[PDB]
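Student: Next up is a structure, given as structure tokens.
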Amino acid sequence: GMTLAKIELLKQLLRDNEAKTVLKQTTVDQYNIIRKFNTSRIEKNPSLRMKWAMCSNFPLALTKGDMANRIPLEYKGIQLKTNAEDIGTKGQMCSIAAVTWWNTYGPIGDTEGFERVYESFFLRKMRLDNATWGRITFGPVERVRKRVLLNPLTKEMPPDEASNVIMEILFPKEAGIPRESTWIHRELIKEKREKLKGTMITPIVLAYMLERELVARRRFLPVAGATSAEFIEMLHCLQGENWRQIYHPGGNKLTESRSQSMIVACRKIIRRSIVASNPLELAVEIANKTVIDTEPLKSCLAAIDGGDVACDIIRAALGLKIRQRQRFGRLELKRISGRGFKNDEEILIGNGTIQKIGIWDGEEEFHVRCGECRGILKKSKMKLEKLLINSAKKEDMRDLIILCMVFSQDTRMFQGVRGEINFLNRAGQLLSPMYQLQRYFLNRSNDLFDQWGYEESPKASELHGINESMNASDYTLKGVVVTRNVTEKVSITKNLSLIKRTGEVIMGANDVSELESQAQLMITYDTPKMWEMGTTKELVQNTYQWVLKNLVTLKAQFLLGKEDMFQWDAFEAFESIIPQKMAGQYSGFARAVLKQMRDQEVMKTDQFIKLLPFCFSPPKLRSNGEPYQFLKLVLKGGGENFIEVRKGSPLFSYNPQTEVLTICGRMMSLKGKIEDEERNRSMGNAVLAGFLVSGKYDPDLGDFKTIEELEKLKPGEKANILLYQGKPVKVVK
Amino acid sequence: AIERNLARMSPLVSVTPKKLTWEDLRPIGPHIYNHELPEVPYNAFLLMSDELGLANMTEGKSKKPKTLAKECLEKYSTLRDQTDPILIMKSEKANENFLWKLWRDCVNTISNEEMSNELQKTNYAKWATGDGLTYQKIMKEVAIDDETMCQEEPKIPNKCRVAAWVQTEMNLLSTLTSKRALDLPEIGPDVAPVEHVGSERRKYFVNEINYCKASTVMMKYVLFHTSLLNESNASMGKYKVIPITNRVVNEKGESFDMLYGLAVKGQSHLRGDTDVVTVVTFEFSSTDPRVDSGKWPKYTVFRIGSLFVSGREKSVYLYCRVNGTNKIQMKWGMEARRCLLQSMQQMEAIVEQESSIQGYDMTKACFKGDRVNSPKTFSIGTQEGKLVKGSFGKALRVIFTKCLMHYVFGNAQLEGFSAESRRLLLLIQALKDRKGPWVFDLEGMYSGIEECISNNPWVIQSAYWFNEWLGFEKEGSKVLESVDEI
Amino acid sequence: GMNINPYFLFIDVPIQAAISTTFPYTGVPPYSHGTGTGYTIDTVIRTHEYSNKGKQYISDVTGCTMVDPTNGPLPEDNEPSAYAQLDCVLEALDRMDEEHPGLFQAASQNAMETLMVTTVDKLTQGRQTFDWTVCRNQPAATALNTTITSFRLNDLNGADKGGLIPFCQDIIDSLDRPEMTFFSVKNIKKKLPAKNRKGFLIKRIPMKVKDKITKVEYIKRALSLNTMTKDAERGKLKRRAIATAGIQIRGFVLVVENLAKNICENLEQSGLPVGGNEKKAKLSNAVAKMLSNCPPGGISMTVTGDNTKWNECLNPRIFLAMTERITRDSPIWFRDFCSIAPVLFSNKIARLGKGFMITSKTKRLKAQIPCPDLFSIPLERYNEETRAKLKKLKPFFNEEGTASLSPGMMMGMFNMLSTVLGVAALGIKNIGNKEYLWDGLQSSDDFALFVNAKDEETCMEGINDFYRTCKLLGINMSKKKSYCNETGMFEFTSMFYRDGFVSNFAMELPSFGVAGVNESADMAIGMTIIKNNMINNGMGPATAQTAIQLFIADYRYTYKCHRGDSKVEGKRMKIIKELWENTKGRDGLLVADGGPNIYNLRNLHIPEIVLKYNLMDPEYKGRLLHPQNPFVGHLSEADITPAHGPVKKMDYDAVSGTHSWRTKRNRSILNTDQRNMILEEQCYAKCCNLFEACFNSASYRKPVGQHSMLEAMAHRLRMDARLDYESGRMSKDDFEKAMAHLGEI
RNA sequence: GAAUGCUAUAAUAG
RNA sequence: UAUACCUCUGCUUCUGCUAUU
RNA sequence: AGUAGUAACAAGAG
């Protein structure tokens with residue numbers, strides 16, 4: 001019965017006419033202004049002020065209470081506290097020795113439900129404690145800066161939803177309007193309220209602790225193949241720029257996080273296997289030794305029922321039943337008839353902008369599902385043909401309709417985009433348009449339905465239509481029907497295609513997604529040369545390192561047998577980071593320059609090193625025999641993932657002065673591994689295939705010629721070329 | 001409109017661009033080479049390479065600063081007892097009689113059997129700590145009527161020339177000793193291989209610095225500033241003698257206490273952070289101040305005896321200086337330990353870089369060298385106009401030493417120089433990278449760098465070293481002049 | 001001998017790679033001393049120096065000497081110009097609007113919708129604000145309170161409605177009041193009985209008195225800016241002046257900034273408001289595309305740029321134009337709302353500060369001359385430097401000791417909007433369809449212009465044009481600081497690009513110290529900084545492990561809490577050593593209790609209490625985590641009502657224990673006449689605490705209601721009592737008193 | 001095979 | 001003046017905006 | 001004196 005006291009203390013307070021008027025005039029809103037009212041300035045140098053203050057006699061202020069009085073004035077000739085009261089706490093000031101006294105000879109309080117209150121932190125420690133550390137590995141790591149979750153949540157909610165859930169637990173009376181969110185987390189509230197029931201910790205602390213494990217802490221971090229929160233929390237020990245440490249958290253790991261990481265692995269395997277002769281051979285080699293956190297990939301694919309084309313391809317490659325089951329966030333499909341042909345086109349959206357989306361051609365039928373609700377969907381290129389659905393939850397039925405309409409990529413659905421939609425984030429990174437459109441129309445459904453159309457309902461046996469309200473109605477949306485009703489052997493080609501017993505194909509290596517994304521869990525490849533499924537810059541650096549390592553042998557062997565040492569496992573891996581549609585031509589160019597050095601004697605060891613890896617892909621010359629010429633060699637990834645022919649590039653550059661080679665910001669020395677005559681020996685010779693230097697810039701010849709203009713010269717014709725800035729060179733064909 | 005305005009705008013408005021050539025980069029701060037200017041004087045708080053600590057081998061477990069200073073002087077009684085002022089050097093506005101009286105007061109007070117280290121406010125101690133030297137406040141009304149009361153012309157830092165002792169400090173502080181000072185506390189046991197790599201990597205990095213001269217000097221500054229702050233707040237109104245003390249460990253693993261001298265702390269009623277508290281220092285040294293006389297105009301020196309430096313009987317002097325710190329400098333002194341981090345990280349970067357290239361841990365390889373790789377070397381300095389290389393360990397220590405000097409000579413002059421020079425450093429890297437750089441107003445760029453060079457020993461020597469290094473790069477560039485030139 | 005040179009590292013390692021070694025951040029940052037009047041007067045002189053050729057006129061509102069550079073004569077030299085042409089700005093804005101279609105209205109919408117929801121308490125979060133009632137700086141939260149209390153006296157109750165809009169309406173309305181009245185406290189002696197010889201005691205009680213000011217005197221105060229000097233400004237020789245603005249002006253700045261932020265977020269070349277990793281990502285992505293999209297057989301160049309006299313030249317009247325253009329399709333009220341903040345800045349007045357101190361070396365006397373009495377003594381008295389300043393100040397000086405400052409943005413709180421003006425310049429791209437093409441990045445005054453062209457000679461012709469363009473917007477590119485080179489390496493906001501943004505561990509080294517919050521908090525911060533630096537700032541595992549060591553040392557010295565087994569003599573150490581001997585589970589003792597450090601790389605993220613909880617002693621943990629310990633201060637029930645501060649949400653994870661204490665408040669206030677404010681503080685604190693006792697949720701979430709605080713408190717207690725009676729918690733005798741006492745309200 | 005966007009007392013940056 | 005060899009004080013002697021959140 | 005450096009502290013107040 002604290003009520004009585006409060007009421008009486010109000011009467012005490014209301015005697016003071018200053019307080020009386022404050023309470024009368026100051027609104028409940030304005031509490032937030034007067035609470036923050038203070039006299040003092042903001043301490044700009046607290047590090048200093050603290051260091052200084054700790055040398056004083058009584059720096060700390062107790063709270064005026066009976067407990068404060070359990071501390072003695074002094075202990076064995078040490079002034080623990082003073083009689084003088086603090087301005088703030090209105091309680092006796094004390095020394096830091098007071099704290100130490102309390103902790104040594106103070107009263108022993110009750111710590112009941114402490115581990116329940118601070119469970120969040122104990123789990124954090126438990127995950128470290130019940131962990132297993134693998135091996136540290138030294139080698140280039142391409143870290144990507146992505147927005148990730150810092151701490152594992154018990155259940156994720158928006159701030160507002162979380163705030164109301166927290167209110168229901170701690171402060172039921174001052175909750176306000178009951179939101180539907182209250183009912184959704186009914187078990188969580190009930191659970192938490194029972195666990196925190198036995199406690200003597202301040203409610204404001206309990207509030208922020210629950211907030212810590214409900215509100216999401218999602219911030220940008222440099223990551224490399226580990227997005228899961230339980231990994232992120234240990235990000236400092238996971239890797240650096242030039243090293244990587246294997247780490248397995250404790251407790252549990254989510255099946256969805258297993259699923260999405262499983263996909264990434266399968267895609268990486270396929271993306272590398274494609275380039276090898278007999279891809280299935282290499283695919284199998286890797287997949288068996290591919291581990292996800294601690295669970296093998298083969299085991300993962302068996303256990304998990306889901307995944308994309310890549311998962312099924314590898315499943316077939318291993319010898320496991322392929323699942324035609326797909327996912328689109330909340331929607332789960334399983335194809336029965338049709339064939340998907342994804343193709344990038346410029347879609348114009350309702351608001352009045354153009355976005356590059358992949359559209360799927362052909363007539364297809366799937367078994368759509370959303371929780372308790374089920375159905376069958378028939379679609380075509382940017383049009384929903386027909387959609388049969390079941391009858392279950394009113395809200396679950398409502399979602400499936402929206403999901404299926406979006407999944408269809410209907411021209412109507414794109415035209416109903418009215419508002420602010422973001423396909424590019426604040427840091428100018430891509431957001432998946434189809435998954436963004438899924439989130440948008442899941443909220444604003446009223447606009448979608450109106451911009452779609454309506455028609456007469458079906459008049460069949462068990463077929464009766466539903467309208468906007470999601471009840472049985474005469475009007476229904478164009479291609480919507482509600483009903484009362486709810487394994488074949490495959491083989492895989494060595495070239496990675498799933499052929500049926502008849503002969504028609506279900507999937508191919510060409511059908512998997514090109515996108516490379518950060519795995520949720522840590523992918524390990526338990527094979528030597530695991531780097532092969534790395535990033536562009538990882539593969540690029542390791543290759544050129546392997547060239548330098550064996551430069552003694554590779555350069556010598558080249559001067560004997562021509563094409564004996566062009567086929568190497570490093571250069572195979574290196575091909576998989578080259579755009580396939582330009583790989584052939586690069587090899588045609590590189591080999592032609594390589595041989596040109598050997599034959600005509602005009603060598604260049606850095607240029608040898610630079611181009612040698614490109615000489616793997618079977619060459620592809622022009623129609624007139626002469627190879628393709630190039631200024632730069634563009635590779636998979638960002639605009640800075642390119643090699644230069646004449647100049648240095650962000651990936652590769654040589655400093656003759658220091659004889660230092662710079663590969664992806666790492667500095668290697670070519671001192672000792674360089675010829676004496678090579679110093680003054682110009683680069684002009686090893687820059688264009690079937691071209692050699694004659695003299696210097698001749699103004700009579702005119703300006704510098706492009707790739708084209710040089711390619712369109714008759715053997716014997718001279719020309720002007722610019723290698724890097726301020727270095728003209730006159731060259732013949 | 002833009003096009004129209006651009007047309008009618010005067011051509012005199014332009015960036016006036018020019019392509020940078022090595023020849024355009026003249027030496028920064030030409031005045032520092034002019035002999036007419038005075039040799040930049042030593043102006044640190046404590047001595048560094050000129051230091052001398054009286055070694056008192058202790059039980060190993062700690063004791064009171066008065067007690068350890070007493071027992072340390074008890075050991076070296078011949079120095080402690082010397083009561084005859086044999087004056088060598090005398091600072092212009094100093095007082096030989098007072099300073100010596102003060103020294104003796106310190107020695108006597110520290111040696112007595114009392115608990116307190118308070119000094120009575122004598123005629124000499126009052127002069128020494130600048131007693132009652134603050135001007136009295138008066139009303140504006142009275143000040144306005146007084147014609148003789150004026151706003152004083154701001155005192156500007158005087159211009160100085162290059163001094164060899166700065167070079168010599170860097171040279172000596174870098175070098176290895178047998179003595180370990182650092183007080184690095186315990187850590188949790190290793191589990192993760194990262195931690196195991198880190199620990200083994202520490203054994204190389206930490207030791208290399210810990211076993212150098214610069215390391216002790218730092219710890220001296222830290223530990224002194226630590227107690228000097230504690231006295232300043234606790235004993236505001238008391239003149240107090242504070243021993244310049246430090247703990248050292250030799251190869252055999254024995255704890256020696258090092259008494260480098262005694263200091264006295266004036267009244268320390270510090271409201272503001274910038275508010276000054278006068279500290280008069282008395283420091284032991286084997287350095288003969290007659291040698292480099294232009295280095296010690298701020299100091300007053302007394303020959304106080306002799307000691308065995310090895311087989312040689314070196315004479316022991318006593319450097320006496322009135323100094324001053326404020327609430328900030330003392331705090332930054334206690335946070336000087338972080339000099340280790342700036343120096344360690346930078347060199348660890350190299351190890352980690354090299355490690356990715358080779359595929360294994362290149363820590364042990366870079367210092368010593370292993371079966372595969374021979375040890376890493378760095379262009380370290382010069383010897384009669386010819387570049388010289390040095391160890392990874394040497395290169396490490398130079399950076400650590402450099403970082404300590406950033407603290408020790410840390411003011412607005414250094415900030416300004418370091419920032420504006422970084423601008424010019426990058427232009428050189430462009431020329432090195434052959435990324436043909438352009439400039440708009442080079443003189444203006446220089447101005448900002450050159451105006452910062454006044455009376456900072458570190459800035460002045462950095463301006464020298466920059467000019468030296470520039471000349472060598474300017475030579476190295478030549479190699480690239482004729483490349484792919486037919 | 002062998003003479004070591006540290007610059008010889010740059011032979012073996014490129015500058016960018018080891019840029020860390022060029023930041024001396026183990027050194028002391030520059031601090032100012034005494035007065036900022038010298039530094040302020042300079043700003044005032046220069047600002048008008050760059051606008052002196054514009055339209056000079058007298059304000060018929062304040063009587064001040066207003067100067068207007070806009071639409072002025074174009075410069076004849078490279079000296080800083082503020083003579084920005086409106087048409088050139090509007091064109092640049094149009095170009096921006098074309099290439100970013102329907103962004104202005106999109107931002108104006110969101111900004112407008114934001115304003116509607118925005119409460120007044122939004123103004124209670126901005127350090128020291130100028131309080132016009134007392135003509136000195138106060139905490140933001142108090143500055144608002146003082147204004148609200150004063151507004152009520154003049155019949156202005158817009159603040160009571162809760163939203164920012166009606167409060168803002170009151171601010172612009174308050175300018176129309178003929179006289180403004182405000183409370184200012186005076187002390188009063190009063191006899192009070194006591195166990196004294198004479199049997200009484202005199203005590204000084206404060207009482208609020210209503211002071212008046214005229215229409216003009218209030219306006220000037222509303223337009224006033226308090227001036228200081230920027231302390232701890234790194235990498236700069238000579239000091240610079242800054243300014244804090246009034247609560248009146250801060251209300252309108254919020255919207256204009258919010259508007260500009262919305263625009264910036266959706267701009268390709270904006271460094272704001274993105275920060276850290278998000279920024280690095282954006283700029284890394286941006287550099288890649290602008291790099292690769294260069295014409296083949298051409299030269300891409302990067303001008304590492306910097307704008308000198310940024311705030312001094314940029315004019316409010318241009319910022320007014322910017323709002324009018326951006327709010328094209330917004331309703332008339334919102335167009336007018338946004339227009340106020342620029343208008344106020346265009347008529348702003350600068351307070352000159354503390355004044356100058358005059359001395360006599362012979363007499364050893366010093367005295368501060370206030371700014372009103374600055375021209376009291378002859379100018380022969382002042383030093384040569386100051387003498388000239390005062391002469392040049394004269395035509396802008398106000399006799400009450402202020403300065404008219406129509407041009408410039410002295411306070412500079414249009415970071416976003418000034419960035420937009422910059423981006424708009426980068427938006428031009430080309431002039432007269434020449435053989436170049438420019439596009440850059442912009443973080444306020446710092447910019448990085450890329451130029452793709454045929455030859456470097458042509459690139460220069462483009463940079464020359466970009467330079468000349470900026471001059472038309474009132475943006476002056478520093479010729480002295482800015483430099484140019486072939487693309488691959490540049491500097492932007494002290495982020496150093498060399499085929500990728502390099503690591504620069506030195507910059508944020510000063511964060512490795514003891515934070516100065518308290519023992520429990522600083523430990524977490526310490527280990528969190530180390531953890532975060534291992535990630536972002538590329539600190540290796542050796543340096544990281546040492547970073548722990550060096551921290552623990554600092555911590556053990558600062559909080560004088562060395563290891564219990566150590567023999568380091570001290571006052572706190574005496575009890576620590578007893579605790580060491582008493583305790584069995586010494587591995588469970590925290591470091592601050594003289595316990596051993598068990599932190600390593602792997603467990604930086606875990607609280608020390610939670611790490612050691614399981615290996616603590618039951619008596620020790622009970623003491624350490626006592627739920628009614630007096631060091632932290634809990635709740636409860638007699639009359640516990642101290643000056644409590646609202647408990648914030650901090651990022652560091654730490655447990656509430658005895659080491660989570662608070663320091664005693666600086667007692668300098670007890671000498672000065674500001675004494676009185678303590679009672680005012682404790683008065684509010686009395687109310688707020690009882691209100692918190694009534695509504696426990698008020699601590700967690702902001703309570704809402706335009707009704708009276710007393711009204712709310714009454715009803716809740718009435719309900720509580722009624723239910724407590726019927727339930728059987730409260731007795732009849734108590735319930736009699738309950739309803740009786742509540743009846744008296 | 002995507003997301004989920006915010007708000008500290010330190011430090012750094014502008 | 002007096003109490004005063006007493007008493008009180010040690011960021012408050014004007015420390016801004018914005019981003020990393 | 002000294003700290004220091006474009007202006008201060010070298011105690012301030014009843």
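By order in the structure tokens, chains are A, B, ...; within a chain, residues start at 1; ligands start at 1, following the order shown.
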Identify all residues of region 168-342 of chain B in alpha helix (DSSP H) (DSSP on the backbone) and supply them as a PyMOL selection string.

Tutor: chain B and resi 168-174+193-210+213-234+327-334+339-342

Student: Can you check which residues of chain F have any atom within 8 Å of chain B? Use only C-alpha atoms (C1' of nucleotides) and format it as a VMD selection string.

Tutor: chain F and resid 1 to 3 5 to 7 9 to 11

Student: Could the residues of chain A within 7 Å of chain D, counting only C-alpha atoms (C1' of nucleotides), be given as a list in words, please?

Tutor: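 So the contacting residues turn out to be residues 260, 431, 432 and 435 of chain A.
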
Student: Take the residues that were just selected and, keeping N, CA, C and O atoms, output them as a compact mmCIF listing (two decimals), in the first residue's frame.

Tutor:
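Writing done, so here's selection-v7.txt:
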# COMPACT_ATOMS: atom_id res chain seq x y z
N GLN A 260 20.14 -20.45 -46.45
CA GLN A 260 20.60 -19.37 -47.34
C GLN A 260 22.12 -19.46 -47.53
O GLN A 260 22.63 -19.09 -48.58
N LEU A 431 19.14 -3.10 -53.83
CA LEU A 431 18.12 -3.86 -53.12
C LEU A 431 17.30 -4.63 -54.16
O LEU A 431 16.92 -4.07 -55.19
N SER A 432 17.04 -5.91 -53.88
CA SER A 432 16.37 -6.81 -54.83
C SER A 432 14.98 -6.27 -55.16
O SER A 432 14.10 -6.26 -54.29
N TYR A 435 11.91 -8.42 -54.24
CA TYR A 435 11.76 -8.56 -52.79
C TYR A 435 11.36 -7.22 -52.15
O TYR A 435 10.73 -7.21 -51.10

Student: Show me, as a PyMOL selection string, the residues that have an atom within 10 Å of residue 35 (chain B) when counting only C-alpha atoms (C1' of nucleotides), minus same-chain residues fewer than 6 positions from it.

Tutor: chain B and resi 160-162

Student: Write the residues of the selection above to a file with N, CA and C atoms, as a PDB file, in the first residue's frame.

Tutor:
ATOM      1  N   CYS B 160      64.174  29.888 -34.710  1.00  0.00           N
ATOM      2  CA  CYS B 160      65.418  29.203 -34.354  1.00  0.00           C
ATOM      3  C   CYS B 160      65.960  28.442 -35.569  1.00  0.00           C
ATOM      4  N   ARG B 161      67.200  27.958 -35.447  1.00  0.00           N
ATOM      5  CA  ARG B 161      67.857  27.178 -36.493  1.00  0.00           C
ATOM      6  C   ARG B 161      67.969  25.716 -36.043  1.00  0.00           C
ATOM      7  N   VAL B 162      68.387  24.853 -36.977  1.00  0.00           N
ATOM      8  CA  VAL B 162      68.518  23.411 -36.741  1.00  0.00           C
ATOM      9  C   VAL B 162      69.544  23.176 -35.625  1.00  0.00           C
TER      10      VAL B 162
END

Student: So the first atom is CA of residue 167 (chain B) and the second is CA of residue 288 (chain B); what is the distance between them in Å, to one decimal place?

Tutor: 17.9 Å

Student: Do you know which residues are at most 10 Å from residue 12 (chain E) counting only C-alpha atoms (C1' of nucleotides), after dropping those on the same chain fewer than 6 positions away, and could you put them as a list in words?

Tutor: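 Neighbouring residues, sequence-local ones excluded: residues 39, 40, 41, 42 and 43 of chain A; 666, 667, 668, 669, 672 and 674 of chain C.
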
Student: Hey, which bits of chain C sit within 8 Å of chain F, and for each residue what's the closest pair of atoms and how far apart in Å (one decimal), counting only C-alpha atoms (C1' of nucleotides), rows by chain and increasing number, as JSON lines?

Tutor:
{"residue": "C:32", "atom": "CA", "partner": "F:7", "partner_atom": "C1'", "distance": 7.8}
{"residue": "C:33", "atom": "CA", "partner": "F:8", "partner_atom": "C1'", "distance": 4.9}
{"residue": "C:34", "atom": "CA", "partner": "F:8", "partner_atom": "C1'", "distance": 5.2}
{"residue": "C:35", "atom": "CA", "partner": "F:7", "partner_atom": "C1'", "distance": 7.0}
{"residue": "C:671", "atom": "CA", "partner": "F:13", "partner_atom": "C1'", "distance": 6.9}

Student: Please identify which residues in region 294-406 of chain C DSSP calls strand (DSSP E) from the backbone, and express them as a list in words.

Tutor: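 The strand (DSSP E) residues within region 294-406 of chain C come out as residues 299, 300, 301, 302, 303, 304, 349, 350, 351, 356, 357, 358, 359, 360, 365, 366, 367, 368, 369, 397, 398, 402, 403 and 404 of chain C.
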
Student: For chain B, work out the contacting residues on chain C at 6 Å, counting only C-alpha atoms, and write them as a short mmCIF file (atom, residue, chain, number, x, y, z; two decimals) with C-alpha atoms, in the first residue's frame.

Tutor:
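Output contents, as saved in selection-v2.cif:
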data_model
loop_
_atom_site.label_atom_id
_atom_site.label_comp_id
_atom_site.auth_asym_id
_atom_site.auth_seq_id
_atom_site.Cartn_x
_atom_site.Cartn_y
_atom_site.Cartn_z
CA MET C 2 74.82 7.07 -38.46
CA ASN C 3 72.05 9.73 -38.48
CA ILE C 4 68.54 8.23 -38.37
CA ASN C 5 65.84 9.85 -40.54
CA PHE C 8 63.08 7.23 -44.85
CA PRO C 24 50.69 13.20 -33.93
CA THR C 26 49.64 11.01 -28.76
CA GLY C 27 50.29 14.78 -28.44
CA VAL C 28 48.20 17.48 -26.75
CA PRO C 30 45.63 23.04 -29.06
CA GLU C 76 38.27 40.72 -60.44
CA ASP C 77 40.69 38.47 -58.49
CA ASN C 78 41.03 35.13 -56.61
CA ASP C 87 20.25 33.08 -61.50
CA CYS C 88 23.38 30.87 -61.53
CA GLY C 235 45.94 19.96 -37.03
CA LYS C 236 45.75 23.78 -36.89
CA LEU C 237 48.31 26.36 -35.67
CA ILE C 358 44.46 45.69 -20.21
CA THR C 359 47.48 45.53 -17.86
CA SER C 360 50.38 47.50 -16.31
CA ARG C 364 51.03 44.49 -11.74
CA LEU C 365 47.32 45.27 -12.33
CA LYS C 366 44.94 43.67 -14.86
CA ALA C 367 41.35 44.54 -15.84
CA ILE C 369 37.26 45.91 -20.63
CA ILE C 377 39.69 54.11 -23.80
CA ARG C 381 46.01 51.80 -25.53
CA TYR C 382 45.24 48.60 -27.50
CA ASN C 383 48.10 46.69 -29.20
CA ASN C 464 39.30 26.22 -64.25
CA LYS C 479 44.10 27.20 -54.38
CA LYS C 480 46.66 26.81 -51.57
CA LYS C 481 45.23 23.62 -49.98
CA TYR C 483 45.74 19.85 -55.40
CA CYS C 484 45.20 17.58 -58.43
CA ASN C 485 46.58 14.27 -59.81
CA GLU C 486 45.73 11.32 -62.11
CA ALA C 506 46.31 7.00 -35.53
CA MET C 539 44.34 -3.15 -35.54
CA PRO C 541 45.81 -9.14 -32.74
CA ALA C 542 49.19 -8.19 -31.19
CA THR C 543 48.42 -4.45 -31.03
CA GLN C 549 47.23 -4.12 -21.34
CA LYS C 567 52.29 -4.03 -2.89
CA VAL C 568 51.43 -0.66 -4.52
CA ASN C 597 42.26 -9.01 -15.77
CA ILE C 598 40.84 -11.98 -17.74
CA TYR C 599 40.03 -10.07 -20.96
CA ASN C 600 41.50 -11.24 -24.29
#

Student: Do you know which residues are at most 12 Å from residue 563 (chain C) counting only C-alpha atoms (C1' of nucleotides), after dropping those on the same chain fewer than 5 positions away, and could you put them as a VMD selection string?

Tutor: (chain B and resid 185 to 186) or (chain C and resid 552 to 553 555 to 557 568 to 570 572 to 581 586 to 587 589 to 597)

Student: Near region 451-453 of chain A, counting only C-alpha atoms (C1' of nucleotides), which residues have an atom at most 8 Å away, once you skip same-chain residues fewer than 4 positions from it, shown as a CSV table (one decimal) with N, CA and C atoms, in the first residue's frame?

Tutor:
chain,number,residue,atom,x,y,z
A,412,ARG,N,0.2,-4.9,-64.5
A,412,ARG,CA,-0.8,-4.2,-63.7
A,412,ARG,C,-0.2,-3.9,-62.3
A,413,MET,N,0.5,-4.9,-61.7
A,413,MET,CA,1.1,-4.7,-60.4
A,413,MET,C,2.2,-3.7,-60.4
A,415,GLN,N,2.3,-1.1,-62.4
A,415,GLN,CA,1.6,0.2,-62.7
A,415,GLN,C,0.9,0.7,-61.4
A,416,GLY,N,0.7,-0.2,-60.4
A,416,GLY,CA,0.1,0.2,-59.1
A,416,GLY,C,1.1,0.6,-58.1
A,447,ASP,N,-4.4,-0.2,-52.6
A,447,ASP,CA,-3.9,0.4,-53.8
A,447,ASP,C,-3.8,-0.7,-54.9
A,477,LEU,N,-11.3,-10.5,-58.1
A,477,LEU,CA,-10.2,-10.0,-58.9
A,477,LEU,C,-9.9,-10.9,-60.1
A,478,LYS,N,-9.5,-10.2,-61.2
A,478,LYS,CA,-9.4,-10.9,-62.5
A,478,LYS,C,-8.3,-12.0,-62.5

Student: Write out as a Markdown table a residue-level contact list of chain E versus chain A with cut-off 10 Å: for each qualifying residue the closest pair of atoms and the distance in Å to one decimal, counting only C-alpha atoms (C1' of nucleotides), rows sorted by chain and residue number upward.

Tutor:
| residue | atom | partner | partner_atom | distance |
| --- | --- | --- | --- | --- |
| E:10 | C1' | A:53 | CA | 9.8 |
| E:11 | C1' | A:43 | CA | 6.4 |
| E:12 | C1' | A:41 | CA | 6.3 |
| E:15 | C1' | A:44 | CA | 7.4 |
| E:21 | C1' | A:219 | CA | 9.0 |

Student: Please write the residues from the selection above to a file, keeping C-alpha atoms (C1' of nucleotides), as a PDB file, in the first residue's frame.

Tutor:
ATOM      1  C1'   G E  10      39.143  23.664  -8.297  1.00  0.00           C
ATOM      2  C1'   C E  11      35.270  22.369 -16.119  1.00  0.00           C
ATOM      3  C1'   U E  12      30.612  26.930 -14.787  1.00  0.00           C
ATOM      4  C1'   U E  15      32.838  25.300 -25.138  1.00  0.00           C
ATOM      5  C1'   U E  21      23.691   6.418 -33.980  1.00  0.00           C
TER       6        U E  21
END
